[PDB]
Structures are given as C-alpha cells and as structure tokens.
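1. mind folding the following:
(one chain, ligands or ions: 3)
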Amino acid sequence: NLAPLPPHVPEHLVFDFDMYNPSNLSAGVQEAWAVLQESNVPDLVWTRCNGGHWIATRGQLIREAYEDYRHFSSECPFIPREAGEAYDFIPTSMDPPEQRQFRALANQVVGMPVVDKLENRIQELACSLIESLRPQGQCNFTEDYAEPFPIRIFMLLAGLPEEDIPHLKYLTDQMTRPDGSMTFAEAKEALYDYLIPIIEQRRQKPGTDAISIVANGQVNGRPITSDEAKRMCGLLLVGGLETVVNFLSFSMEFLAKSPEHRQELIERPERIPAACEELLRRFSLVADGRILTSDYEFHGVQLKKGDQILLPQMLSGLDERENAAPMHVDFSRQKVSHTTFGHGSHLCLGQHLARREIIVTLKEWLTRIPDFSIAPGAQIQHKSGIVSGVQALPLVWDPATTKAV
Ligand code: HEM
Ligand SMILES: CC1(C)[C@@H]2CC[C@@]1(C)C(=O)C2
Ligand SMILES: [K+]
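-> Numbers count the residues shown, from 1 in each chain. Ligands and ions are numbered 1, 2, ... in the order given. Please find the structure below.
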C-alpha cells in the first residue's frame, strides 16, 4: 500500500521502493537495492511506501547528509515514522553536542582494549563450534554458527545468561526485520522491560561487565541516570545480536558458491584481512536514516522540515561512481570505498569487535572445513530491512576432505 503523494513532492521524483520488501529480492538483497542506482533513477527519490519518505541513492549524497547533522537529525532515524518516533536509543537518537559524551562510555565497553582481552575466548569459541560441526558433514549455518558465535561473545562480555538469547534475538529481530507480530514501540518496551531490574541490580555492585560499566558510568563527569543507562544498554544489545550475525551468513553464502574465491583464501591466508574489507563492501547490509530539522534545498530538491530520508549505508560502496564493477568481489581491489560502518559523528562503535569476529571466522572455518556448498536443491531466502539478513543457510560437505586441528 502507498501513501498519498504530499503536495510538496514533485511527481517526477517518485520511485516506489519498499525497503522491507523490495520487488527484486529473489536475486539477492544487495542486487534488489541496487536497482535504485540505475541510470534512469535520480540521485534523490521519493517512495510512497512505508508511509512516504525520501531516499538518497548515490554515495556522494549519502556521505553529505551523514556529515550535516544540523539539517539531517538522528532524533528520528527509522522508517516507518512511528518506529522513528519511538526510537530513543543512546547514542544514535542524539545529535552533537549532546551525543558525544555517551560515545566515550559505549566505546569503553566494546573498544579495542576490550577486544584484545577477549581474543582467546573469541578464538576458542570459533574453534569449539566449528570442530563440533566438522564430522557431521552438514549444518544450518545461521542457527549453528552465525547466531551463537557472535551472540555468545556479546552475552559473555555483557554478563547476561545464555538462556536469554532466544527471547532477546526475537525482540531485536522485530526492530530490524519485523514479522508483523510486534510494532517497533512494543519490541523496544519489552527490551527495556528486560533491562530495568538488571540495571538496578548492577548499579548496586560496581563490576567489570559491560552493563555494570555503563550503569555506573559518568558522562562528561556526571553520574549516568538509570534511564540513560537503559537506553544505552539496549542499543548495545541490538548491535550485538543483529549486525555480525547477518553479515556472516551473507559472506558464507557467497563463499559456498564461489570456489575460486574460497581457493584463493585457502592458499594465501594472508589475504584474509583484505578479503574481509571487500566482503564488507559487497555484502553491506545496514540502511537507516535521518529526519529534516528545517526546510532545506538539497541537490535541487526542496525538502520540508519533518520529512524523513533513508540514507542507505549499504549503497555507497555499491555505487559504480565509487567502485568500478561494484557487484564483482575482487579481493585485490585497490581502493575499497564504502560506508558499511556509517559516516559522520555516528561512526560504528563496534567495528573492531566486528572485524575480529569476521577474520577469526574466515581463518578457523577455512583451515578445517575448506570446501562446502549449499545443500542440494535449496534456494536461499533473504529478508530486507534496517539490517538485511539471510533467513536460512543449509551447508554440506564431505567430512573426509576436512582437517582436524
Ligand atoms: C558487520 C557489523 C556491523 C555493521 C555493518 C555496523 C553498522 C553500523 C552503522 C551503519 C552505524 C551507523 C548508524 C547511524 O548513523 O544511524 C552503527 C553505529 C553503531 N554501532 Fe555498529 N555495526 C556493526 C557491528 C556493531 C557491533 C558488533 C556493535 C556492538 C555493540 C555495534 C554497536 C554500534 C553502536 C553503539 C552504534 C551507535 C554509535 C553512535 O550513534 O554514536 N556495531 N553501526
Ligand atoms: C543501525 C544499527 C546497525 C546501529 C546499531 C544497531 C542499529 C540497528 C542501530 O539502531 C544503530
Ligand atoms: K525518536
């Protein structure tokens, strides 16, 4: 269903893209979104789907908007408008000057000194999961690795019981790829409901886990409130449960159809960090946005105050103007240009954690299970949203070709 065209939007900019169900999804998520960059399509379009919002389609405009926070505010960053109004997570729902103080604390708990201390646990979990899959000759990758590997590391780091993973994953799923069973406002309230007793517990006893450090924190030298801590801990949960989980499956789906690319990493394992960077461009998967604070002319188009604008982080690196032949994976690409981890003052805080988990996954999977493919006759289903995902990934291999380490 389409929302009526607002009077102030020129009819010739209308392109009805549905970000939660793009029309070409069967060809792949990123391919479905890349129809926005055909030569007939302008740099700035209006979709009447999902209540009606702008979409910037080129990397040049996506970067400009994310730098200019005084016109493009993160107070309402999700589409549909109801979701963006309920969205109050910290730091992303704040602009500078208020935003920067909370970043320091969030950085403190997923920052690089934390990741170095976790190296053995990351490595031993990756090996423990993979060695337990190897003699089976089959897995459901999303259930059996992509979810438990990054999510158990995050629950360990935050100090939360592993038994709570299915309830929490379902709620964060409803905030990024909704089912229809919950609105965003309801999923958010249920996740706040979960954190409220935990946060009051850990403000009593100072501690080393990520919730304690946030709940006992100061921001620009003043005590963080219980409510501010709730809104920051919830955002950490969403990042920990949704991003790497889904990115891993996209990568592994590609490697399972691309033996040429598999073989390249098997023989030259020191290409792995670079391949990580080029998989992150090709299979970029986040797309959120901003809301206009004032009437503003932007690349010839008159935006009204309160218009929402989708600024898909995913599209910048798929733009041919930023990377030649963008849909080819080329692990020796010379200048890998992308905005997979965002742009501007809201640059991703967990990218050190993310990169370690991806590189450890590629290294430990390929040395033990070098060859695998998609289970015969299965077609991989995808789902699009704020964070796009792979719905299921059946893999198979012959265990006689594996290597026990
Ligand atoms: C492949 C993995 C990941 C991707 C693609 C990714 C992507 C992004 C993007 C695009 C943004 C900017 C959104 C905006 O400007 O509105 C962001 C911000 C953020 N991310 Fe990541 N992320 C990843 C991993 C993680 C992980 C594992 C965490 C763990 C907590 C995390 C925590 C955060 C936080 C807290 C912010 C908000 C920063 C702020 O608003 O100042 N991210 N991420
Ligand atoms: C867009 C994100 C990837 C980033 C971290 C979690 C996420 C869904 C957000 O709401 C901000
Ligand atoms: K809001």
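2. okay, CA-based contacts and neighbour counts for the rest of this
-> Noted.
3. for ligand 3, what are the nearby residues on this structure?
-> 75, 76, 85, 86, 87 (CA under 5 Å from the ion).
4. looking at these, which are in helices?
-> Secondary structure of those is defined by DSSP state H; positions in helices are 85, 86.
5. stretch 17-31 spans what distance, first to last residue?
-> Distance between the two ends of stretch 17-31: 13 Å, counting by CA to CA, to the nearest Å.
6. now it: buried residues?
-> If you call a residue buried by 16 or more other CA atoms under 10 Å, then stretch 17-31 has these buried ones: 17, 18, 19, 20, 21, 22, 25, 28, 29, 30, 31.
7. could those residues go into a markdown table alongside secondary structure and distance to ligand 1?
-> Supplementary listing: these in a markdown table, determined by DSSP: H, G, I helix; E, B strand; the rest coil; distance: CA to the nearest ligand atom, whole Å:
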| residue | secondary structure | distance to ligand 1 |
| --- | --- | --- |
| 17 | coil | 20 |
| 18 | coil | 19 |
| 19 | coil | 16 |
| 20 | coil | 17 |
| 21 | coil | 20 |
| 22 | coil | 20 |
| 25 | helix | 20 |
| 28 | coil | 17 |
| 29 | helix | 14 |
| 30 | helix | 13 |
| 31 | helix | 17 |
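8. which residue comes closest to residue 336 once chain neighbours are left out?
-> Distances taken as CA to CA, 6 or more residues apart in numbering put residue 278 closest to residue 336, at 6.5 Å, once the chain neighbours are dropped.
9. give me the helices and strands touching the host helix or strand of the one you found, please.
-> Secondary-structure element containing residue 278, defined by DSSP states H and E: helix 272-282. Helix 272-282 is packed against helix 351-368, with contacts defined by 3 or more CA pairs under 8 Å, 6 or more residues apart in numbering; DSSP states H and E.
10. close to ligand 1, is the helix it packs on?
-> Yes - Helix 351-368 comes into contact with ligand 1 (CA under 6 Å from any ligand atom), by way of 351, 353, 354.
11. now the residues you listed: which count as buried?
-> Judged by 16+ other CA under 10 Å, buried ones among these: 351, 353, 354.
12. let's have those residues in TSV, adding distance to residue 337.
-> Rendered in TSV, the data for those read as follows (distance: CA to CA, whole Å):
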residue	distance to residue 337
351	16
353	20
354	18
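13. excluding chain neighbours, what is closest to the residue of the stretch 51-200 of the chain found nearest ligand 3?
-> Ranked by CA to the ion, the top residue of the stretch 51-200 of the chain for proximity to ligand 3 is residue 85, at 3.7 Å. Taking CA to CA, 6+ apart as the measure, residue 85 lies nearest to residue 76, with 5.5 Å between them; neighbours along the chain are not counted.
14. so how far is stretch 316-326 off the chain centroid?
-> Stretch 316-326 sits 20 Å away from the centroid of its parent chain (CA atoms, centre = their mean, to the nearest Å).
15. residues of that stretch that come out buried?
-> 316, 317, 318, 319, 322, 323, 326.
16. for the second one, give me its contacts.
-> With contact set as CA atoms under 8 Å, 6 or more residues apart in numbering, residue 317 has these partners: 59, 281, 282, 323, 326, 336, 337, 338, 339, 340.
17. nearest to ligand 2 among these?
-> Proximity of those to ligand 2 was ranked by CA to the nearest ligand atom; the top entry is residue 340 with 9.5 Å.
18. how many residues are close by that closest one?
-> Other residues near residue 340 number 24, with proximity taken as other CA atoms under 10 Å.
19. my read: it touches residue 313, true?
-> Yes - Residue 340 is within contact range of residue 313, at 5.6 Å (criterion: CA atoms under 8 Å).
20. any shared contact partners between those two?
-> Contacts common to residue 340 and residue 313, judged by CA under 8 Å, 6+ apart, are 284, 285, 286.
21. hang on, the first one packs against residue 342?
-> No - between residue 284 and residue 342 there is no contact under CA under 8 Å: 10.5 Å.
22. any shared contact partners between the two?
-> Overlap between the contact sets of residue 284 and residue 342, as judged by CA under 8 Å, 6+ apart, is given by residue 313.
23. how about the strands of the stretch 151-300 of the chain, start to end?
-> With DSSP state E, counting those that start in this stretch as the definition, the stretch 151-300 of the chain shows strands at residue ranges 218-219, 222-223, 289-292, 296-298.
24. tell me the contacts of residue 399?
-> Residue 399 makes contacts with 134, 135, 136, 137, as judged by CA under 8 Å, 6+ apart.
25. ok, 10 Å please
-> In this structure, residue 399 makes contact with 133, 134, 135, 136, 137, 138, 368, 369, 371, 372, judged by CA atoms under 10 Å, 6 or more residues apart in numbering.
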